[PDB]
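> The structure file my_file.txt (compact mmCIF, N, CA and C atoms and all ligand atoms) is provided below.
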```
# COMPACT_ATOMS: atom_id res chain seq x y z
N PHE A 1 124.82 181.82 248.78
CA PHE A 1 123.87 182.78 248.23
C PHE A 1 122.51 182.68 248.90
N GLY A 2 122.43 182.09 250.09
CA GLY A 2 121.13 181.91 250.73
C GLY A 2 120.41 183.22 250.95
N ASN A 3 121.11 184.21 251.49
CA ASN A 3 120.57 185.55 251.64
C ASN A 3 120.94 186.37 250.41
N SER A 4 120.80 187.69 250.50
CA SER A 4 121.22 188.58 249.43
C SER A 4 122.71 188.87 249.47
N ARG A 5 123.49 188.00 250.13
CA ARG A 5 124.92 188.22 250.26
C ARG A 5 125.58 188.44 248.91
N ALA A 6 125.20 187.65 247.91
CA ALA A 6 125.75 187.81 246.57
C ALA A 6 124.93 188.73 245.69
N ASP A 7 123.71 189.06 246.08
CA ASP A 7 122.88 189.96 245.29
C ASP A 7 123.58 191.30 245.11
N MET A 8 123.79 191.68 243.86
CA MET A 8 124.56 192.86 243.52
C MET A 8 123.83 193.70 242.49
N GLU A 9 124.01 195.02 242.58
CA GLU A 9 123.43 195.95 241.64
C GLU A 9 124.24 197.24 241.70
N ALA A 10 124.65 197.74 240.54
CA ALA A 10 125.48 198.94 240.51
C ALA A 10 125.31 199.63 239.16
N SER A 11 125.43 200.96 239.17
CA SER A 11 125.37 201.75 237.96
C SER A 11 126.36 202.90 238.06
N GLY A 12 126.86 203.34 236.91
CA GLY A 12 127.81 204.43 236.85
C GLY A 12 127.81 205.12 235.51
N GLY A 13 127.97 206.44 235.52
CA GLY A 13 127.97 207.22 234.30
C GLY A 13 128.94 208.37 234.40
N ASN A 14 129.46 208.78 233.25
CA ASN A 14 130.41 209.88 233.17
C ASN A 14 130.32 210.47 231.77
N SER A 15 129.72 211.65 231.65
CA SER A 15 129.53 212.30 230.37
C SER A 15 130.19 213.67 230.39
N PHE A 16 130.95 213.98 229.35
CA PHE A 16 131.63 215.26 229.21
C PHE A 16 131.49 215.75 227.78
N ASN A 17 131.20 217.04 227.63
CA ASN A 17 131.06 217.66 226.32
C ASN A 17 131.64 219.07 226.38
N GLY A 18 132.62 219.34 225.54
CA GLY A 18 133.22 220.67 225.45
C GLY A 18 133.17 221.18 224.03
N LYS A 19 132.97 222.48 223.88
CA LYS A 19 132.86 223.11 222.58
C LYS A 19 133.59 224.44 222.59
N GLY A 20 133.96 224.91 221.40
CA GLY A 20 134.59 226.20 221.27
C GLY A 20 134.53 226.68 219.84
N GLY A 21 134.48 227.99 219.67
CA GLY A 21 134.39 228.57 218.34
C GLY A 21 134.81 230.02 218.34
N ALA A 22 135.01 230.54 217.14
CA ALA A 22 135.44 231.92 216.96
C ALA A 22 135.28 232.31 215.51
N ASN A 23 134.90 233.56 215.27
CA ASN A 23 134.74 234.09 213.93
C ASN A 23 135.24 235.53 213.89
N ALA A 24 135.67 235.95 212.70
CA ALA A 24 136.12 237.33 212.52
C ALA A 24 136.04 237.67 211.04
N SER A 25 135.20 238.63 210.68
CA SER A 25 135.04 239.03 209.29
C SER A 25 135.03 240.55 209.20
N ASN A 26 135.47 241.05 208.06
CA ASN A 26 135.45 242.49 207.80
C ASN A 26 135.39 242.72 206.29
N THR A 27 134.73 243.82 205.92
CA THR A 27 134.56 244.19 204.52
C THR A 27 134.72 245.69 204.37
N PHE A 28 135.14 246.10 203.17
CA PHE A 28 135.36 247.50 202.84
C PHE A 28 135.19 247.67 201.34
N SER A 29 134.31 248.58 200.93
CA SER A 29 133.90 248.70 199.53
C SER A 29 133.92 250.15 199.07
N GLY A 30 135.02 250.85 199.33
CA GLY A 30 135.15 252.24 198.97
C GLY A 30 136.22 252.49 197.91
N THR A 31 136.29 253.75 197.49
CA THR A 31 137.32 254.21 196.56
C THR A 31 137.87 255.53 197.07
N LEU A 32 139.19 255.62 197.20
CA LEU A 32 139.84 256.80 197.74
C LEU A 32 141.06 257.14 196.91
N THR A 33 141.20 258.41 196.54
CA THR A 33 142.37 258.88 195.81
C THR A 33 143.43 259.33 196.80
N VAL A 34 144.64 258.78 196.66
CA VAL A 34 145.73 259.04 197.58
C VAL A 34 146.85 259.76 196.83
N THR A 35 147.80 260.28 197.60
CA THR A 35 148.95 261.00 197.06
C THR A 35 150.23 260.31 197.49
N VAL A 36 151.23 260.32 196.61
CA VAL A 36 152.51 259.71 196.93
C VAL A 36 153.19 260.49 198.05
N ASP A 37 153.75 259.77 199.01
CA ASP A 37 154.49 260.39 200.11
C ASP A 37 155.99 260.42 199.86
N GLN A 38 156.54 259.35 199.29
CA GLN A 38 157.96 259.30 198.96
C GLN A 38 158.19 258.12 198.04
N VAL A 39 159.34 258.14 197.37
CA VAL A 39 159.74 257.08 196.45
C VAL A 39 160.83 256.27 197.12
N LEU A 40 160.62 254.96 197.22
CA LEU A 40 161.57 254.09 197.88
C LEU A 40 162.72 253.74 196.92
N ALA A 41 163.72 253.05 197.47
CA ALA A 41 164.91 252.72 196.68
C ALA A 41 164.56 251.82 195.50
N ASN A 42 163.66 250.87 195.71
CA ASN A 42 163.29 249.93 194.66
C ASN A 42 162.24 250.48 193.70
N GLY A 43 161.78 251.71 193.91
CA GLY A 43 160.76 252.31 193.08
C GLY A 43 159.36 252.25 193.66
N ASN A 44 159.16 251.51 194.75
CA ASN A 44 157.85 251.47 195.39
C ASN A 44 157.48 252.85 195.91
N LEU A 45 156.19 253.16 195.84
CA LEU A 45 155.66 254.46 196.24
C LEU A 45 154.93 254.33 197.56
N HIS A 46 155.25 255.21 198.51
CA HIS A 46 154.52 255.30 199.76
C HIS A 46 153.37 256.28 199.57
N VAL A 47 152.14 255.77 199.62
CA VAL A 47 150.95 256.55 199.32
C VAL A 47 150.19 256.80 200.62
N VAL A 48 149.77 258.05 200.82
CA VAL A 48 148.94 258.45 201.94
C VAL A 48 147.83 259.34 201.40
N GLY A 49 146.60 259.10 201.85
CA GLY A 49 145.47 259.89 201.40
C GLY A 49 144.43 260.00 202.49
N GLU A 50 143.62 261.06 202.39
CA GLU A 50 142.59 261.32 203.38
C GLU A 50 141.42 262.03 202.72
N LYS A 51 140.21 261.72 203.19
CA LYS A 51 138.99 262.31 202.67
C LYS A 51 138.02 262.55 203.81
N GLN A 52 137.51 263.77 203.92
CA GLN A 52 136.58 264.14 204.97
C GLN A 52 135.24 264.52 204.36
N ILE A 53 134.16 263.95 204.90
CA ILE A 53 132.81 264.18 204.40
C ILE A 53 131.93 264.61 205.57
N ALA A 54 131.24 265.73 205.41
CA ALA A 54 130.32 266.24 206.43
C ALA A 54 128.91 266.20 205.84
N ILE A 55 128.23 265.06 206.00
CA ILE A 55 126.87 264.94 205.49
C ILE A 55 125.94 265.89 206.24
N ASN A 56 125.76 265.65 207.54
CA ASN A 56 125.18 266.65 208.43
C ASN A 56 125.25 266.15 209.86
N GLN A 57 125.52 267.05 210.81
CA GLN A 57 125.66 266.68 212.21
C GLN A 57 126.76 265.63 212.39
N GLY A 58 127.97 266.02 212.04
CA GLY A 58 129.14 265.17 212.20
C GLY A 58 129.98 265.12 210.93
N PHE B 1 131.15 199.62 250.24
CA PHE B 1 130.01 200.30 249.63
C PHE B 1 128.70 199.97 250.34
N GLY B 2 128.76 199.50 251.59
CA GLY B 2 127.54 199.10 252.28
C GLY B 2 126.55 200.24 252.39
N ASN B 3 127.02 201.41 252.82
CA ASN B 3 126.20 202.61 252.85
C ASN B 3 126.37 203.36 251.53
N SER B 4 125.94 204.62 251.50
CA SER B 4 126.15 205.47 250.34
C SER B 4 127.55 206.08 250.31
N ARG B 5 128.50 205.47 251.03
CA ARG B 5 129.85 206.01 251.10
C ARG B 5 130.44 206.23 249.72
N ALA B 6 130.23 205.29 248.81
CA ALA B 6 130.73 205.42 247.45
C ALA B 6 129.72 206.06 246.50
N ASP B 7 128.45 206.15 246.90
CA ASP B 7 127.44 206.76 246.05
C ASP B 7 127.83 208.20 245.72
N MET B 8 127.94 208.49 244.43
CA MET B 8 128.44 209.77 243.96
C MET B 8 127.53 210.32 242.87
N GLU B 9 127.42 211.65 242.84
CA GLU B 9 126.65 212.34 241.82
C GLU B 9 127.15 213.77 241.74
N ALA B 10 127.44 214.23 240.52
CA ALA B 10 127.98 215.57 240.36
C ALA B 10 127.66 216.07 238.96
N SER B 11 127.48 217.39 238.84
CA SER B 11 127.24 218.03 237.56
C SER B 11 127.96 219.37 237.52
N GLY B 12 128.34 219.79 236.32
CA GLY B 12 129.03 221.05 236.13
C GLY B 12 128.87 221.59 234.73
N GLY B 13 128.73 222.90 234.62
CA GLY B 13 128.56 223.54 233.32
C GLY B 13 129.25 224.88 233.28
N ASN B 14 129.67 225.27 232.08
CA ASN B 14 130.35 226.55 231.88
C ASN B 14 130.12 226.96 230.43
N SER B 15 129.28 227.96 230.22
CA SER B 15 128.94 228.43 228.88
C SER B 15 129.28 229.90 228.75
N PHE B 16 129.96 230.26 227.67
CA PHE B 16 130.33 231.64 227.39
C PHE B 16 130.08 231.94 225.93
N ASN B 17 129.52 233.11 225.66
CA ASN B 17 129.23 233.56 224.30
C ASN B 17 129.49 235.06 224.21
N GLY B 18 130.38 235.46 223.32
CA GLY B 18 130.68 236.86 223.09
C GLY B 18 130.51 237.20 221.62
N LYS B 19 130.02 238.42 221.36
CA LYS B 19 129.77 238.87 220.01
C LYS B 19 130.20 240.33 219.88
N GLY B 20 130.44 240.74 218.64
CA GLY B 20 130.78 242.12 218.36
C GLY B 20 130.60 242.42 216.90
N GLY B 21 130.27 243.68 216.60
CA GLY B 21 130.04 244.08 215.23
C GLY B 21 130.13 245.58 215.08
N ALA B 22 130.20 246.01 213.83
CA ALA B 22 130.33 247.43 213.51
C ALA B 22 130.07 247.62 212.03
N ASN B 23 129.43 248.74 211.69
CA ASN B 23 129.14 249.09 210.30
C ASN B 23 129.32 250.58 210.11
N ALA B 24 129.63 250.97 208.88
CA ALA B 24 129.77 252.39 208.55
C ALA B 24 129.62 252.55 207.05
N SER B 25 128.58 253.27 206.62
CA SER B 25 128.33 253.49 205.21
C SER B 25 127.98 254.95 204.97
N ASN B 26 128.29 255.42 203.77
CA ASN B 26 127.96 256.78 203.38
C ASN B 26 127.84 256.85 201.86
N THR B 27 126.96 257.73 201.40
CA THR B 27 126.70 257.91 199.98
C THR B 27 126.53 259.40 199.68
N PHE B 28 126.83 259.77 198.44
CA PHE B 28 126.74 261.14 197.97
C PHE B 28 126.53 261.12 196.47
N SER B 29 125.47 261.77 196.00
CA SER B 29 125.04 261.65 194.61
C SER B 29 124.73 263.02 194.01
N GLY B 30 125.65 263.97 194.17
CA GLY B 30 125.47 265.32 193.67
C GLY B 30 126.45 265.68 192.57
N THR B 31 126.25 266.88 192.02
CA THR B 31 127.14 267.46 191.03
C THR B 31 127.39 268.91 191.39
N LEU B 32 128.66 269.29 191.48
CA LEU B 32 129.04 270.64 191.89
C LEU B 32 130.16 271.15 191.00
N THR B 33 130.01 272.38 190.50
CA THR B 33 131.04 273.01 189.69
C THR B 33 131.99 273.79 190.61
N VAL B 34 133.28 273.50 190.49
CA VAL B 34 134.29 274.08 191.35
C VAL B 34 135.22 274.95 190.51
N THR B 35 136.05 275.74 191.19
CA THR B 35 137.00 276.63 190.56
C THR B 35 138.41 276.28 191.02
N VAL B 36 139.37 276.43 190.11
CA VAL B 36 140.76 276.15 190.46
C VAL B 36 141.25 277.17 191.47
N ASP B 37 141.97 276.68 192.49
CA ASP B 37 142.56 277.55 193.50
C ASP B 37 144.01 277.88 193.21
N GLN B 38 144.78 276.91 192.73
CA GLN B 38 146.17 277.13 192.37
C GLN B 38 146.66 275.95 191.55
N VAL B 39 147.77 276.15 190.85
CA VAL B 39 148.38 275.12 190.03
C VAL B 39 149.63 274.64 190.74
N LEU B 40 149.71 273.33 190.98
CA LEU B 40 150.84 272.75 191.68
C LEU B 40 152.03 272.57 190.74
N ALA B 41 153.16 272.18 191.32
CA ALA B 41 154.39 272.04 190.53
C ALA B 41 154.24 270.97 189.46
N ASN B 42 153.57 269.87 189.78
CA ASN B 42 153.41 268.77 188.83
C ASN B 42 152.26 268.98 187.86
N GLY B 43 151.54 270.10 187.96
CA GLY B 43 150.41 270.38 187.11
C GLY B 43 149.06 270.07 187.73
N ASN B 44 149.03 269.42 188.88
CA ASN B 44 147.77 269.16 189.56
C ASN B 44 147.10 270.47 189.95
N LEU B 45 145.78 270.48 189.89
CA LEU B 45 144.98 271.67 190.18
C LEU B 45 144.30 271.51 191.53
N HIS B 46 144.43 272.53 192.38
CA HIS B 46 143.70 272.58 193.64
C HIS B 46 142.36 273.27 193.38
N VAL B 47 141.28 272.51 193.52
CA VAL B 47 139.94 272.97 193.18
C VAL B 47 139.16 273.18 194.47
N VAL B 48 138.48 274.32 194.55
CA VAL B 48 137.58 274.64 195.66
C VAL B 48 136.30 275.21 195.07
N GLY B 49 135.16 274.76 195.57
CA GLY B 49 133.88 275.23 195.08
C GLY B 49 132.84 275.22 196.18
N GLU B 50 131.82 276.06 196.00
CA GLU B 50 130.76 276.19 196.99
C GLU B 50 129.46 276.55 196.30
N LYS B 51 128.36 276.04 196.83
CA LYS B 51 127.03 276.30 196.29
C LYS B 51 126.04 276.42 197.43
N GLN B 52 125.27 277.51 197.43
CA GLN B 52 124.29 277.77 198.47
C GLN B 52 122.90 277.78 197.86
N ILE B 53 121.98 277.05 198.48
CA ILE B 53 120.60 276.93 198.00
C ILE B 53 119.66 277.27 199.14
N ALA B 54 118.74 278.20 198.90
CA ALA B 54 117.73 278.59 199.89
C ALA B 54 116.36 278.19 199.35
N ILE B 55 115.95 276.95 199.63
CA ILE B 55 114.64 276.48 199.18
C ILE B 55 113.54 277.28 199.86
N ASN B 56 113.42 277.14 201.18
CA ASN B 56 112.64 278.06 201.98
C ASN B 56 112.83 277.74 203.46
N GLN B 57 112.89 278.76 204.30
CA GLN B 57 113.12 278.57 205.73
C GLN B 57 114.42 277.81 205.98
N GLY B 58 115.52 278.42 205.56
CA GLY B 58 116.84 277.87 205.76
C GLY B 58 117.67 277.87 204.49
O1 LIG A 101 125.88 181.40 260.26
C1 LIG A 101 125.98 182.62 260.56
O2 LIG A 101 127.11 183.10 260.87
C2 LIG A 101 124.75 183.52 260.55
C3 LIG A 101 123.54 183.27 259.67
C4 LIG A 101 122.81 184.59 259.47
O3 LIG A 101 121.77 184.69 260.41
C5 LIG A 101 123.79 185.75 259.66
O4 LIG A 101 123.11 186.96 259.44
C6 LIG A 101 124.38 185.74 261.08
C7 LIG A 101 123.51 186.56 262.03
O5 LIG A 101 124.04 187.85 262.15
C8 LIG A 101 123.49 185.89 263.41
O6 LIG A 101 122.84 186.73 264.32
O7 LIG A 101 124.47 184.43 261.58
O1 LIG A 102 132.32 200.65 261.65
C1 LIG A 102 132.16 201.88 261.83
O2 LIG A 102 133.16 202.62 262.06
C2 LIG A 102 130.76 202.49 261.77
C3 LIG A 102 129.63 201.89 260.94
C4 LIG A 102 128.63 203.00 260.64
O3 LIG A 102 127.60 202.97 261.59
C5 LIG A 102 129.33 204.36 260.69
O4 LIG A 102 128.41 205.36 260.38
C6 LIG A 102 129.92 204.61 262.09
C7 LIG A 102 128.89 205.31 262.98
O5 LIG A 102 129.13 206.70 262.97
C8 LIG A 102 129.03 204.80 264.42
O6 LIG A 102 128.22 205.56 265.27
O7 LIG A 102 130.29 203.41 262.71
```
Just dump the structure as structure tokens.
Ligand SMILES: O=C(O)[C@H]1C[C@@H](O)[C@@H](O)[C@@H]([C@H](O)CO)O1
Ligand SMILES: O=C(O)[C@H]1C[C@@H](O)[C@@H](O)[C@@H]([C@H](O)CO)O1


Amino acid sequence: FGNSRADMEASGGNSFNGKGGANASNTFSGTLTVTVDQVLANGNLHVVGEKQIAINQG
Amino acid sequence: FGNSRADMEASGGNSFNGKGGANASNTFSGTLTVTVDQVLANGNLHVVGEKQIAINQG
């Protein structure tokens, strides 16, 4: 060890960060009167309805 | 490792952000007297009505 033959110095680093996300929301707060389309074998009713409103410009 | 042969340094990044939205609202707070148009087989009434108001300039 007379010289710096044994003198040693070293550093090392490794950092990793990963992220991920997702969202999906929906809301509906109306009331619509529909009409029966047909009666199924079990008695369930197929209902279809439509409502058109022309407030102004569309 | 005498020289910088092993000396290493690196960085990397990847960021992504996506968004989306939509809204649709409507309101109606009137009163209109309508007239029956015809009587359906089940007794339902087809009602049609119209009201015209000329406040001024239109
Ligand atoms: O004993 C040896 O072998 C050495 C001692 C140091 O001086 C070393 O560095 C080398 C030099 O390169 C000679 O020129 O010689
Ligand atoms: O032992 C070798 O092969 C080396 C030592 C370094 O000096 C290196 O860089 C290369 C240089 O390119 C020679 O000119 O030679």

> How many Å separate atom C4 of ligand LIG 101 (chain A) from atom C of residue 4 of chain A?

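These atoms are spaced 10.9 Å apart.
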
> Between chain A and ligand LIG 101 (chain A), at 10 Å or less, what are the per-residue closest atom pairs and their distances in Å? Count only C-alpha atoms and all ligand atoms, order by chain and rising residue number, and return it as JSON lines.


```
{"residue": "A:2", "atom": "CA", "partner": "A:LIG101", "partner_atom": "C4", "distance": 9.3}
{"residue": "A:3", "atom": "CA", "partner": "A:LIG101", "partner_atom": "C4", "distance": 8.2}
{"residue": "A:5", "atom": "CA", "partner": "A:LIG101", "partner_atom": "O4", "distance": 9.4}
```

> Neighbouring residues of residue 35 of chain A were defined as those with any atom within 10 Å, considering only C-alpha atoms; residues of the same chain fewer than 4 positions away were excluded. Please report them as a list in words.

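The residues that qualify are residues 45, 46, 47, 48, 49 and 50 of chain A.
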
> Please provide as a VMD selection string all residues within 12 Å of segment 16-24 of chain B, with the sequence filter that same-chain residues fewer than 3 positions apart are discarded (counting only C-alpha atoms).

(chain A and resid 18 to 30) or (chain B and resid 13 27)

> With chain B held fixed, move chain A onto it by a least-squares fit of all C-alpha atoms in order and give the output as a short mmCIF file (atom, residue, chain, number, x, y, z; two decimals) with N, CA and C atoms, keeping the file's coordinate frame.


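The resulting file, superposed15.cif, is shown below:
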```cif
data_model
loop_
_atom_site.label_atom_id
_atom_site.label_comp_id
_atom_site.auth_asym_id
_atom_site.auth_seq_id
_atom_site.Cartn_x
_atom_site.Cartn_y
_atom_site.Cartn_z
N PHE A 1 131.15 199.63 250.24
CA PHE A 1 130.01 200.30 249.63
C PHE A 1 128.71 199.97 250.34
N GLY A 2 128.76 199.50 251.59
CA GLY A 2 127.54 199.10 252.28
C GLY A 2 126.55 200.24 252.39
N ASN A 3 127.02 201.41 252.81
CA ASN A 3 126.20 202.61 252.85
C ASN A 3 126.37 203.36 251.54
N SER A 4 125.95 204.62 251.50
CA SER A 4 126.15 205.47 250.34
C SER A 4 127.54 206.08 250.31
N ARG A 5 128.50 205.47 251.03
CA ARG A 5 129.85 206.01 251.10
C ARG A 5 130.44 206.23 249.72
N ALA A 6 130.23 205.28 248.81
CA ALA A 6 130.73 205.43 247.45
C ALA A 6 129.72 206.05 246.51
N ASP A 7 128.46 206.15 246.90
CA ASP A 7 127.45 206.76 246.05
C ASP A 7 127.83 208.20 245.72
N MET A 8 127.95 208.49 244.43
CA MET A 8 128.44 209.77 243.96
C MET A 8 127.54 210.32 242.88
N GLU A 9 127.42 211.65 242.84
CA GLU A 9 126.65 212.34 241.83
C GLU A 9 127.15 213.77 241.74
N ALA A 10 127.44 214.23 240.53
CA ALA A 10 127.98 215.57 240.36
C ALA A 10 127.66 216.07 238.96
N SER A 11 127.48 217.39 238.84
CA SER A 11 127.24 218.02 237.56
C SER A 11 127.96 219.37 237.52
N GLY A 12 128.34 219.79 236.32
CA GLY A 12 129.03 221.05 236.13
C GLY A 12 128.87 221.59 234.73
N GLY A 13 128.74 222.90 234.61
CA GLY A 13 128.56 223.54 233.32
C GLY A 13 129.25 224.88 233.29
N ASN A 14 129.66 225.27 232.09
CA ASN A 14 130.35 226.54 231.88
C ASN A 14 130.12 226.96 230.43
N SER A 15 129.28 227.96 230.22
CA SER A 15 128.94 228.42 228.88
C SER A 15 129.29 229.90 228.76
N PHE A 16 129.95 230.26 227.67
CA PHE A 16 130.33 231.64 227.39
C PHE A 16 130.08 231.94 225.92
N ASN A 17 129.51 233.12 225.66
CA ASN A 17 129.23 233.56 224.30
C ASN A 17 129.49 235.06 224.21
N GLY A 18 130.38 235.45 223.32
CA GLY A 18 130.68 236.86 223.09
C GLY A 18 130.51 237.21 221.63
N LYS A 19 130.03 238.41 221.36
CA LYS A 19 129.77 238.87 220.01
C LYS A 19 130.19 240.32 219.87
N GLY A 20 130.44 240.74 218.63
CA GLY A 20 130.77 242.12 218.36
C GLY A 20 130.60 242.43 216.90
N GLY A 21 130.26 243.67 216.60
CA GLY A 21 130.04 244.08 215.23
C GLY A 21 130.13 245.58 215.08
N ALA A 22 130.21 246.01 213.83
CA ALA A 22 130.32 247.43 213.51
C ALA A 22 130.07 247.63 212.03
N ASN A 23 129.43 248.74 211.68
CA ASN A 23 129.15 249.08 210.30
C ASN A 23 129.32 250.59 210.11
N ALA A 24 129.64 250.97 208.88
CA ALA A 24 129.77 252.39 208.55
C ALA A 24 129.61 252.56 207.05
N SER A 25 128.58 253.27 206.62
CA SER A 25 128.33 253.48 205.21
C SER A 25 127.98 254.95 204.97
N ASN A 26 128.30 255.42 203.78
CA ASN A 26 127.96 256.79 203.38
C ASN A 26 127.84 256.85 201.86
N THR A 27 126.95 257.73 201.40
CA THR A 27 126.70 257.92 199.98
C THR A 27 126.52 259.39 199.68
N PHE A 28 126.84 259.76 198.44
CA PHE A 28 126.74 261.14 197.97
C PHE A 28 126.53 261.12 196.47
N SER A 29 125.47 261.77 196.00
CA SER A 29 125.03 261.66 194.60
C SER A 29 124.73 263.02 194.01
N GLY A 30 125.65 263.97 194.17
CA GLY A 30 125.47 265.31 193.67
C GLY A 30 126.46 265.68 192.56
N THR A 31 126.25 266.88 192.02
CA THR A 31 127.14 267.46 191.03
C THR A 31 127.39 268.91 191.39
N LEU A 32 128.66 269.30 191.48
CA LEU A 32 129.04 270.64 191.88
C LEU A 32 130.15 271.15 190.99
N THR A 33 130.01 272.38 190.50
CA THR A 33 131.04 273.02 189.70
C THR A 33 131.98 273.78 190.61
N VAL A 34 133.28 273.50 190.49
CA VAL A 34 134.29 274.08 191.35
C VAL A 34 135.22 274.95 190.51
N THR A 35 136.04 275.74 191.20
CA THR A 35 137.00 276.63 190.56
C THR A 35 138.40 276.29 191.02
N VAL A 36 139.37 276.43 190.11
CA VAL A 36 140.76 276.15 190.45
C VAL A 36 141.26 277.16 191.48
N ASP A 37 141.97 276.68 192.48
CA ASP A 37 142.56 277.55 193.50
C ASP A 37 144.01 277.88 193.21
N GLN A 38 144.78 276.91 192.73
CA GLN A 38 146.18 277.14 192.36
C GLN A 38 146.65 275.95 191.56
N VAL A 39 147.77 276.15 190.86
CA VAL A 39 148.39 275.12 190.03
C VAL A 39 149.63 274.64 190.74
N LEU A 40 149.71 273.33 190.97
CA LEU A 40 150.84 272.76 191.69
C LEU A 40 152.03 272.57 190.74
N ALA A 41 153.16 272.18 191.32
CA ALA A 41 154.39 272.04 190.53
C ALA A 41 154.24 270.97 189.46
N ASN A 42 153.57 269.87 189.78
CA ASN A 42 153.41 268.77 188.83
C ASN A 42 152.26 268.98 187.86
N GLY A 43 151.54 270.10 187.96
CA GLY A 43 150.41 270.38 187.10
C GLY A 43 149.06 270.07 187.73
N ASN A 44 149.03 269.42 188.89
CA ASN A 44 147.77 269.16 189.56
C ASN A 44 147.11 270.47 189.96
N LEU A 45 145.78 270.48 189.89
CA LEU A 45 144.98 271.67 190.18
C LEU A 45 144.30 271.51 191.53
N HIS A 46 144.43 272.53 192.38
CA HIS A 46 143.70 272.58 193.64
C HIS A 46 142.36 273.26 193.39
N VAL A 47 141.28 272.51 193.52
CA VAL A 47 139.94 272.97 193.18
C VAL A 47 139.15 273.18 194.47
N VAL A 48 138.47 274.32 194.56
CA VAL A 48 137.58 274.64 195.66
C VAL A 48 136.30 275.21 195.07
N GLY A 49 135.15 274.75 195.57
CA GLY A 49 133.88 275.23 195.08
C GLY A 49 132.84 275.22 196.18
N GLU A 50 131.82 276.06 196.00
CA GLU A 50 130.76 276.19 196.99
C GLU A 50 129.46 276.55 196.30
N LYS A 51 128.35 276.04 196.83
CA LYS A 51 127.03 276.29 196.29
C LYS A 51 126.04 276.43 197.43
N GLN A 52 125.27 277.51 197.43
CA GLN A 52 124.29 277.77 198.47
C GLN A 52 122.90 277.79 197.86
N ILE A 53 121.97 277.05 198.48
CA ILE A 53 120.60 276.93 198.00
C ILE A 53 119.65 277.27 199.15
N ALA A 54 118.73 278.19 198.90
CA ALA A 54 117.73 278.59 199.89
C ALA A 54 116.36 278.19 199.35
N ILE A 55 115.95 276.95 199.63
CA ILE A 55 114.64 276.48 199.17
C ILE A 55 113.53 277.28 199.86
N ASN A 56 113.42 277.13 201.18
CA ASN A 56 112.64 278.07 201.98
C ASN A 56 112.82 277.74 203.45
N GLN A 57 112.89 278.76 204.30
CA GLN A 57 113.12 278.57 205.73
C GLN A 57 114.42 277.81 205.98
N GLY A 58 115.52 278.42 205.56
CA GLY A 58 116.85 277.87 205.77
C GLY A 58 117.67 277.88 204.49
#
```

> Show me, as a list in words, every residue of chain A with an atom at most 9 Å from chain B, counting only C-alpha atoms.

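For chain A, the answer reads residues 12, 53 and 55 of chain A.
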
> Report, in Å with one decimal, the straight-line distance from atom CA of residue 52 of chain A to atom C of residue 34 of chain A.

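So the answer is 13.8 Å.
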
> How many Å separate atom C of residue 32 of chain A from atom N of residue 58 of chain A?

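One can read the atom C of residue 32 of chain A to atom N of residue 58 of chain A distance as 21.9 Å.
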
> My list of candidates is B:38, B:57, B:1, B:51. Which is closest to ligand LIG 102 (chain A) when distances are computed with only C-alpha atoms and all ligand atoms?

B:1

> Return as a list in words the full set of residues in chain A whose backbone-based DSSP assignment is strand (DSSP E or B).

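Output for chain A, strand (DSSP E or B) only: residues 35, 36, 37, 38, 39, 45, 46, 47 and 48 of chain A.
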